[PDB]
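Scroll down for the structure; my scribbles are underneath it.
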Protein chains: 2
Amino acid sequence: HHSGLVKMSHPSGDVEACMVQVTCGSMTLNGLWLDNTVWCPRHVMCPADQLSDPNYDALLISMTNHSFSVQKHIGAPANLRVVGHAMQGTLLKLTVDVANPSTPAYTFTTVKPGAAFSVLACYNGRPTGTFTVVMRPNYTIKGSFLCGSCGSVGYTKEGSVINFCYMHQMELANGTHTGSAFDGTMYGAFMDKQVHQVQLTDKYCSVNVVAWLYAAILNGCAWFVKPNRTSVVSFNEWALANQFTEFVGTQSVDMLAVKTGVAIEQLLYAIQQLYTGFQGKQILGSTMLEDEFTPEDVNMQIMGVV
Amino acid sequence: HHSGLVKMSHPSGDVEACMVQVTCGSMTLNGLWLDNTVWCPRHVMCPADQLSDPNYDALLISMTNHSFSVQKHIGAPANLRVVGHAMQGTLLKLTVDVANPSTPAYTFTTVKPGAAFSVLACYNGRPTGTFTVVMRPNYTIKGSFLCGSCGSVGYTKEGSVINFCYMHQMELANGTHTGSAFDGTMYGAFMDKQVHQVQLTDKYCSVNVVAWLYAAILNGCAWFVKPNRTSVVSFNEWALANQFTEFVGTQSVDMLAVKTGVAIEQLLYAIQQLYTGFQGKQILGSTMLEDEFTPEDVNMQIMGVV
């Protein structure tokens, strides 16, 4: 009756040792300290009166290296001297005179819709919480962020290597959240300006609904499975009309098909039927489709496979 | 629209630094290394072919210090020599020759039904994931644990002090999980033997349902609020007949009533009506009552209280 699924985050210790507090004048938020670089949102430069339409190019011109104060509060505290400052998209790149001795092996990557990542929520340079989210098809995340959380970071892990993919920037009118990749772009079409912004429509993540149906099968809950099949191409035409992402299979889904003996196309048919309603029945304690678990969540948490 | 609530764990770094691998003969699992003590489940002493009815007192007598192999794998790796061994309830207390130099400030506490705690899932002494659960009224948790996860720990955090409350032991018939407190007791009526055990009925955690309804009110979703009230005494008679825990208000629930302007008794009334059905309506994206968020979650995540 319990699926064995939970919202699983990576252990956060490696990333904790990289978090700092960045202060520019009256403004403060979190930064990420890797090697001789500290990354943080560029609106730390912006007066509170100016956040709706800031001119970051002129703000940056007005700054000097001493404009920025960087502190490590956790572990062995440290004051970091800024010796260089640059802007890349919506992020600042501050050069500091000391390399982070706890720099992990890392990369910078962008995450795609439907993919899961771990977030270390920080306030005043101090990690306070960790959670995992799926990047939504409209480039928001359903997170938990308050004033002072900007510069909190999201990441995946491949082995010992941390792949940083997100730095938090803002909350939208519907309560969801968005931020930057570490190439400095904002996810989606968002702007780092405090103004109401058009938000694109969310969608069910089809590949993740398939993963959850396979999780149900692995738990012996298979009432929705029938011989009927919908091809991928036919389902993808259907998805465009019914607020679903288009389905693109992966070896992670294929492993679920093989372990369960249920074809992807059987679950694509099931989804089409279940989207019209569960008819009084339940799947893993839910009466609506679940898209917040990935094929990899299911392989790892239930079958122990990576 | 999105509530701003997520399953939020503590940052796990402090606890990661206390995890070790414990091997006894052919059995391996995880342990918790604090000062010169390593805690682990006592069934590490038990051969696989005897897990269904072990004689732990005789196993313990047969053991020597050299029967146990303890390794720290993460960070500065170490092989820890055992210099004393004892059993307390369902746990072993192994004395080792090195004190953990990363021992945090800590206590041992027991967690109560409805209360949330963070789990660090470990395999072979290596932390692999973190997630949060609430202790169910039947002293199980809806976790994500596989073979080799025993000895994984749960904890709360007050300031800098880690309060260890849970050490993982077993998975039950319905896919849920249970374990020990660090006084050696199993939560609930469970025994650390590989045999089917009666599981008590689960219940809705009334106080957490109240917190969730307040979260909904904080987000503009309050169609279920009426002037009508049910007193705590009347609600608690009803709860015993409808699979709910009895409601016991706390200062943290009182904070939510003040912040929302909605009395506890109004939401007790609502719960009774909602439990008969949402009449095809939704609360924070849900068509059923949610009891996996605590009054403290709502205060901290939505209001930023502590």
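Per chain, numbering begins at 1; letters A, B, ... match sequence-line order. Side chains are part of it too, since the values below use all heavy atoms of this structure and drop only hydrogens, waters and symmetry mates.
In this structure, A:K142 is not positioned above the aromatic face of A:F131 in the sense of NZ or CZ being under 6.0 Å from the six-membered ring centre and within 45° of the axis. Cation-pi contact between A:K93 and A:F182: absent, since separation from the ring centre below 6.0 Å together with deviation from the ring axis within 45° is not met.
Side-chain N or O atoms of A:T130 include one that pairs as donor or acceptor with a backbone N or O of A:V119 at under 3.5 Å. Panel note: side chain B:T294, backbone B:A116; no donor-acceptor pair is recorded below 3.5 Å. Between the side chain of A:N30 and the backbone N or O of A:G148 there is at least one donor-acceptor pair closer than 3.5 Å. Listed for the B:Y106 side chain is no donor-acceptor partner under 3.5 Å among the backbone atoms of B:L34. No donor-acceptor distance shorter than 3.5 angstrom exists from the side chain of B:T132 to the backbone of B:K7, with no hydrogens or angles considered. Of the possible donor and acceptor atoms, none in the side chain of B:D35 sits under 3.5 Å from a partner among the backbone N and O of B:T37. A donor-acceptor pair under 3.5 Å is absent between the side-chain atoms of A:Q169 and the main chain of A:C150, judged by distance alone.
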Stepwise side-chain hydrogen bond (donor to acceptor under 3.5 Å, both in side chains) test for B:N79 and B:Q71
CA-CA 4 Å; B:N79 187 29; B:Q71 286 90 59; 3.2 Å; yes
Please assess A:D14 against A:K157 for the test salt bridge (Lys or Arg N to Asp or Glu O under 4.0 Å), listing each intermediate value before the final yes or no.
CA-CA 11 Å; A:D14 295 337; A:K157 256 218 189 65; 3.8 Å; yes
Applying side-chain hydrogen bond (donor to acceptor under 3.5 Å, both in side chains), run through A:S180 and A:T90 and close with a yes or a no.
CA-CA 7 Å; A:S180 315; A:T90 59; 2.7 Å; yes
Could you go step by step and tell me if A:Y56 and A:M87 meet the side chain to side chain contact (heavy atoms under 4.5 Å, CB included) rule?
CA-CA 9 Å; A:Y56 293 106; A:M87 190 168 60; 4.0 Å; yes
Passes side-chain hydrogen bond (donor to acceptor under 3.5 Å, both in side chains), A:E16 versus A:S12? Steps please.
CA-CA 6 Å; A:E16 290 172 53; A:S12 58; 2.7 Å; yes
Would you check, one step at a time, whether the test side chain to side chain contact (heavy atoms under 4.5 Å, CB included) holds for B:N100 with B:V38?
CA-CA 9 Å; B:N100 186 356; B:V38 172; over 6 Å; no
May I have the step-by-step check of salt bridge (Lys or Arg N to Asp or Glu O under 4.0 Å) for A:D57 and A:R42, ending in yes or no?
CA-CA 10 Å; A:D57 287 335; A:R42 70 178 169 175; 5.3 Å; no
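Looking at heavy atoms from C-beta onward, A:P295 lies out of side-chain contact with A:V210 at the 4.5 angstrom threshold. By the 4.5 Å heavy-atom criterion applied to side chains, A:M186 and A:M191 are not counted as neighbours. For the pair A:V248 and A:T250, the minimum side-chain heavy-atom distance is 4.5 Å or more. Proximity of A:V15 to A:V153: side-chain heavy atoms (C-beta onward) are separated by under 4.5 Å at one or more points. Contact check for B:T260 versus B:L218: side-chain heavy atoms found under the 4.5 Å cut-off.
Between B:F117 and B:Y166, the distance from one ring center to the other falls under 6.0 angstrom.
Ring orientation note: the planes of B:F108 and B:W39 are nearly perpendicular, at an angle over 60° on the 30°/60° scale. Using the six-membered ring where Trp is involved, A:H177 and A:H168 have ring planes that are perpendicular, over 60° apart on the 30 and 60° scheme.
Using modelled atom types, one finds no donor on one side chain facing an acceptor on the other under 3.5 Å when comparing A:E292 with A:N208. Of the N and O atoms on the side chains of A:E246 and A:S206, not one donor lies less than 3.5 Å from an acceptor on the other residue. Using modelled atom types, one finds no donor on one side chain facing an acceptor on the other under 3.5 Å when comparing A:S69 with A:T23.
Checking each of A:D291, A:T178, A:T176, A:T245 against A:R136 for a side-chain hydrogen bond (donor to acceptor under 3.5 Å, both in side chains) leaves exactly one that passes, namely A:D291.
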